[PDB]
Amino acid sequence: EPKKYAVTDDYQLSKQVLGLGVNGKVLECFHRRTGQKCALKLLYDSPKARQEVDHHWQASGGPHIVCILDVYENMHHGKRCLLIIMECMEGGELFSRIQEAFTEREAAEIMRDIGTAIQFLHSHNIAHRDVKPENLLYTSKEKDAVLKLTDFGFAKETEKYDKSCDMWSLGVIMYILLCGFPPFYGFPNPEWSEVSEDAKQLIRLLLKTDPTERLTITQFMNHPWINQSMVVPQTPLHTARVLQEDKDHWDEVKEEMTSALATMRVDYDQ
C-alpha cells in the first residue's frame, strides 16, 4: 500500500516549509486532480521511519488525529525515502490560536478533544510519547476548526509507563491552558484564583511524579471535569493575556517540555 511511483506524479510540491519533525521536514503540496492543499513529511528510510509510518497509519482514522492521505516510497537525490502525505492543518498551533474571552469550559472542551485522541491510541496499545504544544494543530482558522494530534516519530506499540508519559503531557497542557505558563509546582494566584477545584484536582492526579499513581486515560475521560466538560463554569481565564504578555519566552517553555519528554524516553535516568 505504500505507493512506489513518484509522489510528484500525484502532487505538485512547493518550497514552503511548515516545520521540522525530528526525522523529516514538512512541506506544503497540492493534489493534482483535486485542488486540495496537503502536508508532506519526508523521512529517510530506516527502521524508525518505518515504525512511524506504521504507527501513524494505524492511528489515522481515530478522533482528533491528523489523517494520512497517502504514503510514497521514493528515491530522492540517491537516497531511499518515505513520504507521508497528510491533511493540511492550516489552523496552526493550539496555543497560538489562544493568544490570538477564554473560559475554563473551553479548556475542558479542548482537553476532552485531546483525551479522546489519547483514548483511541491507548486502546490500540500505542503510546505517543511526544504530546506537546507544537504537535497539537487546528484544521482551519475558522470557528468550526478541529484540534488534532500529529507526529508519531516517537510512538511505540505497547507499556503502562509509556502510556503514563502521555497522561503527564495531558496534565502539563491542561495546566498551560488554564493559566498561560507551565508547571516548571503549585497553583499561584491571581491566575489560579477562580479556577475550580476539579480542574486542580485532575491536574494533581496527572502530574504525579510516580508514574504508577498517575491517572489512566479511561480515568481521565471519566473525571467530572472531562466527562461533564459542558457544565464546567464559564469562568474567564488569564491564559490569552498571559501568553501574549510572555510571548518572548514561549520558545523556552516549548524547549523545556521537549527536554522533559526526552528524559522520560531514556532507558535509565537520574
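In case it trips you up, residue 1 is the first one in the sequence shown, and so on.
Colleague: Where the other entries model residues on both sides, is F120 skipped in at least a third?
Modeller: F120: modelled in all of the comparison entries.
Colleague: Do at least a third of the other compared PDB entries leave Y185 without coordinates?
Modeller: Yes, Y185 lacks coordinates in at least a third of the other entries compared.
Colleague: Does the chain run continuously from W192 to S193, or are deposited residues unmodelled in between? Answer none, 1 to 3, 4 to 9, or 10 or more.
Modeller: Nothing is missing.
Colleague: What size is the break between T158 and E159 in terms of deposited sequence residues left without coordinates: none, 1 to 3, 4 to 9, or 10 or more?
Modeller: 10 or more residues are missing.
Colleague: Higher mean Cα B-factor in the deposited model: 1 to 9 or 261 to 269?
Modeller: The entry gives the higher C-alpha B-factor average to 261 to 269.
Colleague: Report the stretch with the higher mean CA temperature factor, choosing between 193 to 201 and 168 to 176 on the basis of the entry.
Modeller: That would be 193 to 201.
Colleague: With respect to the C-alpha temperature factors reported in the PDB entry, which of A240, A59, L42, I68 ranks highest?
Modeller: Top of the list by C-alpha B-factor: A240.
Colleague: Per the entry's Cα B factor values, which of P188, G115, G153, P133 stands out as the maximum?
Modeller: Going by the entry's C-alpha B-factors, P188 comes out highest.
Colleague: Place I85 in the lowest, middle or highest third of its chain's C-alpha B-factors, as listed in the PDB entry.
Modeller: Lowest third of the chain for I85's C-alpha B-factor.
Colleague: Determine, from the deposited record, the chain-internal third of the Cα B-factor for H128: lowest, middle or highest.
Modeller: For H128, whose C-alpha B-factor we compare with every modelled residue in the chain, the answer is the lowest third.
Colleague: Going by the recorded CA B-factors, say which third of the chain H76 sits in, lowest, middle or highest.
Modeller: Ranked within chain, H76 CA B lands in the middle tercile.
Colleague: Is the Cα B-factor recorded for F184 in the lowest, middle or highest third of its chain?
Modeller: Its C-alpha B-factor belongs to the highest third of this chain's values.
Colleague: Would you please rank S96 by its C-alpha temperature factor against the other modelled residues of its chain and give the third it falls in: lowest, middle or highest?
Modeller: Its C-alpha B-factor, which the entry lists for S96, ranks in the highest third among residues of this chain.
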